[PDB]
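Chemist: here come the first chain(s), positioned as in the complex:
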Amino acid sequence: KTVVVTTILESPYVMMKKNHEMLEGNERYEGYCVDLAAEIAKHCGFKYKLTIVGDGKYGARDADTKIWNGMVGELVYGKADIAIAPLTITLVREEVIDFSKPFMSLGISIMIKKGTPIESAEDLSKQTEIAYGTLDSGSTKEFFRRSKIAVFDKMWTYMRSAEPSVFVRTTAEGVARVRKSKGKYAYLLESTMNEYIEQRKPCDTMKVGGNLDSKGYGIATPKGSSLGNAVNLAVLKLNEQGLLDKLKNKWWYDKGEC
């Protein structure tokens, strides 16, 4: 009865410990979600195996095939018991899997190279010298596509039409584009990742502005799972013990480089 935990290699949530690539078991991994998994398992009393999601995806339903990929798919199709990862709680997902209460809050935020004269989304939408974009298939893009806020609608119209593309294939590519673009590119991404990258060498990026929206990460289990209730109370307990904030501080700031 070892619980299969699906997760995704994403710093600082889940990372290969230095020189552990040829070792085995859960002990290979470190990070915020590894710490959280250990605490969840301790409090619900189960043994578990951390497994990295095969396709490296979080979880979206293919428009055409209607098949769920990523961690959500591993839960929906019965290949994992629990997903402990920075998995956003969303309507479409909650329709097919169960989420705990959020263990971390976040929102959409702007990443700039230090010195870029931009302080807000409004600032970006007013000008054209600084290009801006987001992940090509992501939550951020969808936020802008659906938004009725004038400023965000203005940004969406600029982004959808800009040429060559302002969208990027991965977060790493978004960050590289900010870093290499001499202040002429800003990247819109989850605040949690923005604040992480701000603490990494070469310390040349900054988070600016308030968050544009408000969402949370949750631990996910298959519908009807007998683990769901326990995991949920465990998340609330860990929050009340200050453990979630302690873990955030540890992996973002105590281990920070700036």
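Modeler: Received the coordinates, thanks. Numbers count the residues shown, from 1 in each chain, chains lettered A, B, ... in the order given.
Chemist: not counting its neighbours along the chain, what's nearest residue A:102?
Modeler: Spatially, and ignoring its direct neighbours in sequence, residue A:102 is nearest to residue A:216 (2.6 Å; CB to CB, 6 or more residues apart in numbering). Any C-beta I mention is one placed from the backbone N, CA and C, and that applies to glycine too.
Chemist: wait, that neighbour sits on residue A:87?
Modeler: No: if you go by CB atoms under 8 Å, residue A:216 and residue A:87 don't touch, sitting 9.9 Å apart.
Chemist: more crowded one of those two?
Modeler: Between residue A:216 and residue A:87, residue A:87 has the larger neighbour count (other CB atoms under 10 Å), namely 27 against 17.
Chemist: rewinding a little: just checking, what packs against the host helix or strand of the residue nearest to residue A:102?
Modeler: Residue A:216 is located in strand A:215-217, with elements delineated by DSSP states H and E. Counting contacts by 3 or more CB pairs under 8 Å, 6 or more residues apart in numbering; DSSP states H and E, strand A:215-217 packs against strand A:104-106.
Chemist: what's the following helix or strand after the strand it packs on?
Modeler: Downstream of strand A:104-106 (by DSSP H and E), the next one is strand A:108-113.
Chemist: what is the neighbour count of residue A:158?
Modeler: Counted with other CB under 10 Å, residue A:158 comes out at 17.
Chemist: the residue nearest to residue A:102: what's it in contact with?
Modeler: By CB atoms under 8 Å, 6 or more residues apart in numbering, the contact set of residue A:216 is A:88, A:89, A:101, A:102, A:103, A:104, A:105, A:106.
Chemist: can you report how many residues lie near the nearest residue to the first one once chain neighbours are set aside?
Modeler: Nearest non-adjacent residue to residue A:88, counting by CB to CB, 6+ apart: residue A:215, 5.5 Å away. Around residue A:215 there are 19 other residues, counting by other CB under 10 Å.
Chemist: also residue A:86?
Modeler: 21.
Chemist: hang on, it in a strand?
Modeler: No: per DSSP: H, G, I helix; E, B strand; the rest coil, residue A:86 lies outside any strand segment and is coil.
Chemist: now the sequence for chain B, which goes on the structure above:
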Amino acid sequence: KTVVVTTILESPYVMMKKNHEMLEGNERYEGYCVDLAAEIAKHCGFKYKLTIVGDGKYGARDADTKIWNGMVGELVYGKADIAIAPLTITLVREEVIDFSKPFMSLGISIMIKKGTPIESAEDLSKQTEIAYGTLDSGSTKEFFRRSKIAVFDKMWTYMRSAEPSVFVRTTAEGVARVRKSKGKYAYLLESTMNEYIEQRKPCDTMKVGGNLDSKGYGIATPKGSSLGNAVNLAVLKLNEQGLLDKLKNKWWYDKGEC
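Modeler: Now chain B, sitting on the chains shown earlier:
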């Protein structure tokens, strides 16, 4: 099949409309939670009657008698079908009722009279000229009592034995105390209330510093309620439509007096 909704009279969540003392029905009430109930009801397809919690309490279990008071009491003792109110999601409550995903995020924050030279909790912790405190019974006090964080334990050491007492019996008392103390008292309270009060005449208080913790308000239903699932999905849907942010803006800022 009219759903009985319990709530509590707390601005700007639920308020008596001006001069409506002698009027009847749902129409007497206005506010953020009144607007939210109307959305939840519409999206889940039910008719409802708003009632104000009998005993004016949120929901605590009497340590001795183990009886639940307030809105939690009304769900668990069968007097109301759903609570839509600024009810914090906590471990002890989630053991006896179900919570929706949070519709609003919040945390402990600092309220000062404008002009007071304090910018953060750490600032407060390093001095004694400005007294500071919290509701004498409630989440905030317990947060500080429990906290292993240096600055917070230091503040708890101070408040525990402060004289005259730094604690206040109600929230209006805490606010009044800030307002009347000529800059010599700071009040620790929910960030949502802090930012509401900041927009209310006489516009003489200020919210300072980041939040000291993170919590959420959720809609509460009894275990096994036939409403739980739909309400949870409605809350996610409203957040994604941008409606929860639109509501917060409406009741805090659009109707603000400052």
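Chemist: revisit the contacts of residue A:216 given that chain B is now included?
Modeler: Shown in contact with residue A:216 (CB atoms under 8 Å, 6 or more residues apart in numbering or on different chains): A:88, A:89, A:101, A:102, A:103, A:104, A:105, A:106, B:101, B:102, B:216.
Chemist: give me the number of residues near the residue in the stretch 101-250 of chain A that chain B sits nearest to?
Modeler: Closest to chain B within the stretch 101-250 of chain A is residue A:236: 4.1 Å, counting by CB to the nearest CB. Look at residue A:236: counted by other CB atoms under 10 Å in any protein chain shown, it has 21 neighbours.
Chemist: close to chain B: what parts of chain A are there?
Modeler: A:89-91, A:94-95, A:99, A:101-102, A:105, A:146-149, A:213-216, A:232-233, A:236-237, A:239-242, A:244-245 (CB under 8 Å from any CB of the partner chain).
Chemist: separation between residue A:146 and residue A:257?
Modeler: 36 Å (CB to CB, to the nearest Å).
Chemist: higher neighbour count, these two?
Modeler: Counting neighbours by other CB under 10 Å for residue A:146 and for residue A:257 shows that residue A:146 has the greater number, 13 against 9.
Chemist: coming back round to it: now list the buried members of the residues of chain A next to chain B.
Modeler: Among the residues of chain A next to chain B, those scoring as buried are A:89-91, A:94, A:99, A:101-102, A:105, A:147, A:149, A:213-216, A:232-233, A:236-237, A:239-242, A:244-245 (criterion: 16 or more other CB atoms under 10 Å in any protein chain shown).
Chemist: now, these that are in helices?
Modeler: Residues from these lying in helices, with DSSP state H as the criterion: A:91, A:94, A:232, A:233, A:236, A:237, A:239, A:240, A:244, A:245.
Chemist: so the last one touches residue B:215, yeah?
Modeler: No: with the criterion set as CB under 8 Å, residue A:245 and residue B:215 do not qualify as a contacting pair; they are 11.3 Å apart.
Chemist: for residue A:46, what are its contacts?
Modeler: Contact analysis of residue A:46 by CB under 8 Å, 6+ apart lists A:1, A:2, A:3, A:227.
Chemist: what's the closest non-adjacent residue to the second one?
Modeler: Just to be clear, that refers to residue A:2. Nearest residue to residue A:2, sequence neighbours excluded (CB to CB, 6 or more residues apart in numbering or on different chains): residue A:47, at 4.8 Å.
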